[PDB]
Each structure stands twice: as C-alpha cells, then as structure tokens.
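Everything below concerns the one structure shown next.
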Amino acid sequence: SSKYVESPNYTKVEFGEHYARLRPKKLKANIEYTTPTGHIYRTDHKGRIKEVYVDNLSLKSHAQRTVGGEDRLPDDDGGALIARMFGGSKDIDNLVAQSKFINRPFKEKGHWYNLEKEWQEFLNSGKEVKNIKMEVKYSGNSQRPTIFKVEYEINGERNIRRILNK
Ligand SMILES: [Mg+2]
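In the entry's author numbering, the protein residues as written are 444 to 503, 509 to 614.
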C-alpha cells in the first residue's frame with residue numbers, strides 16, 4: 444500500500460511551529476506536520492523533506513530562488529512537491545531544489561509537470577487521486593534530492609513513478 448501509517452520515528456508538530464529557524468528558513472528534524480489542506484510531511488534527521496502523504500487530492509520569491517542551498521544547481525528551480533493548485537505551500541515546507549527539466553514543460557521531458565498534468569486530467573474527469581505517497585531520496589548531506597518516488601491510486605488502481613532529479 445501507499446496509505447499514511449503513523450510512525451514513532453517522527454514527532455508531530457502544530458502547523459506553524461515546524462520551522463527550526465526563520466532566518467534563514469529551515470525545517471525541524473525528524474518531525475511530521477499537517478498543512479491546513481491536509482497534506483502530511485515528514486522530515487529526516489537533517490530537516491530535509493523525506494515523505495509526503497495526500498489522502499485525497501483535490502483542486503484548490510526568495511524560497512523558490514534559494515531552496516537547496518549550496519547544493520542547488522544552475523538549472524534547478526524551487527520546485528513544489530505538491531503544486532499550488534492542489535493546495536500546496538509556496539514556502540520551504542513544500543519546496544525542494546528540482547531540475548527545471550522535470551519541473552517545467554519540456555518536450556520529451558518535464559516529468560514532474562507531466563505527473564501534475566495527469567493528476568489534473570484525472571480530477572477534472574471526475575476520477576479520484578488517492579493515497580499519494582512521495583518519497584524524496586537524498587545523497588550524503590546534500591539538500592538536493594537525487595530521485596523522487598511517487599505512489600498513488602486512481603480509482604483504486606495503484607501507480608508507481610520513479611523520477612530522477614535531472
Ligand atoms: Mg512545479
């Protein structure tokens with residue numbers, strides 16, 4: 444399955460108190476927070492977003513410029529894990545350094561954008577996008593994701609996406 448299961452490896456925090464630092468912005472380590480829209484995030488030991496959960500998807509800056517820190521590449525964008533149109537946050541609690549070639553529409557590319565587009569088409573057509581589980585993998589102490597693992601169910605059918613951050 445890909446449904447959210449509670450875990451003792453993460454301590455839950457009130458939304459608004461999930462930042463360890465304000466200047467510069469940084470998430471607390473090994474925590475779990477639920478956005479007002481209901482999206483659940485988990486951070487690892489270094490304050491990096493590690494897991495994202497959406498029970499039921501629906502249609503509803510300096511952060512974008514600098515997320516990823518010293519590990520951010522020239523062709524990276526500040527990429528939302530959960531798009532704004534799905535109720536996603538525009539801040540660091542939802543942004544990661546994401547290659548523009550998957551974040552934006554690119555011919556024969558734009559995988560993350562294309563995933564979001566598929567989800568829109570499903571929702572618009574009256575189908576449910578359920579139990580989304582994102583796994584964000586990192587390498588060493590790097591703030592920049594290497595690969596995105598996404599699981600989700602479309603009217604019951606489980607789908608799996610592995611998207612390299614290149
Ligand atoms: Mg995007």
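Just so you know, even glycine gets a beta-carbon here, dropped at the ideal spot from N, CA and C.
Measuring alpha carbon to alpha carbon, tell me which of the options ends up nearest residue i.
| i | options | result |
| --- | --- | --- |
| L500 | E599, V448, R610 | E599 |
| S445 | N579, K597, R609, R592 | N579 |
| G490 | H510, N542, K503 | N542 |
| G535 | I550, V497, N613, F570 | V497 |
Report the rounded CA-to-CA distance for residue i versus residue j, giving the unit in angstroms.
| i | j | result |
| --- | --- | --- |
| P479 | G459 | 10 Å |
| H559 | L465 | 32 Å |
| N473 | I492 | 9 Å |
| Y447 | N607 | 16 Å |
| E564 | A531 | 8 Å |
| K581 | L470 | 20 Å |
| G604 | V577 | 9 Å |
| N551 | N589 | 23 Å |
| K503 | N452 | 31 Å |
| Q546 | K614 | 8 Å |
DSSP has residue i in a bridge; who is on the other side?
| i | result |
| --- | --- |
| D524 | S547 |
| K597 | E583, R610 |
For residue i, which three-state DSSP category applies?
| i | result |
| --- | --- |
| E449 | coil |
| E518 | helix |
Exercise for review: Could you tell me which uninterrupted beta strand (DSSP E) segments, each at least 3 residues in length, are contained entirely in the stretch 532 to 587, listed from first to last along the chain?
Suggested key: Within the stretch 532 to 587, the complete beta strand (DSSP E) runs of at least 3 residues are 543 to 547, 577 to 585.
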